[PDB]
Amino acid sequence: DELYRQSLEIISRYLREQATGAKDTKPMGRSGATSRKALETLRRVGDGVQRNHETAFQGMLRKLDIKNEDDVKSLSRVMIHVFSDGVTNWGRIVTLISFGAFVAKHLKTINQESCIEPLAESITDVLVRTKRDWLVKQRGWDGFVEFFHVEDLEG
């Protein structure tokens, strides 16, 4: 399942980067060039999303009250409720992943880094297992990269 594998790698790397502040230097798996560009795009766009929605993100994090592995496990149900049961577009997919990064950073602050990879797996499961049809139709991660591509300015 290439789409799942690729999704997991991109989402897992971004959440880990966000939490630890360091880039993972290991090579990507299959489709490395696209996964690299997708991660680069997520960085650029996701970092802005977390700031543009700072108040809402903080509000939701407080409401969720995440303390441990049990709370983190409970998040899949909330993601299905809020993300899956709605219109699909790349903006909403970015909010899904960007809030995940926000949560991962919170997990590092409370010294619960071990829950970050499980969280990335949960997000990937929700995204891929509930929106595969849309993802395929939108050209998957190549489409994500194409959608957010910005041309260089003249001069």
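Between two forms, the rigid core is the largest collection of C-alphas that superpose within 1.5 Å. The numbering used is simple: start at 1 and walk along the sequence shown.
Greater Cα displacement in 6 other deposited structures of this protein once the core is superposed, comparing 17-25 with 142-150: More C-alpha displacement in 6 other deposited structures of this protein shows up in 142-150.
Rigid core superposition result in 6 other deposited structures of this protein, more deviant of 106-114, 41-49 by Cα: Once the core is superposed, the stretch further away in 6 other deposited structures of this protein is 106-114.
Mean Cα B-factor comparison, 68-76 or 81-89, giving the higher one as deposited: According to the PDB entry, the answer is 68-76.
Averaging CA B factors per stretch from the PDB record, which one is higher: 103-111 or 51-59? Mean B over CA atoms: larger for 103-111.
Selection from 123, 45, 116, 33 [criterion: highest C-alpha temperature factor in the record]: 33 has the highest C-alpha B-factor of those listed.
Of the options 22, 145, 11, 135, which has the highest CA B factor as deposited? In this record, 22 carries the highest C-alpha B-factor of the candidates.
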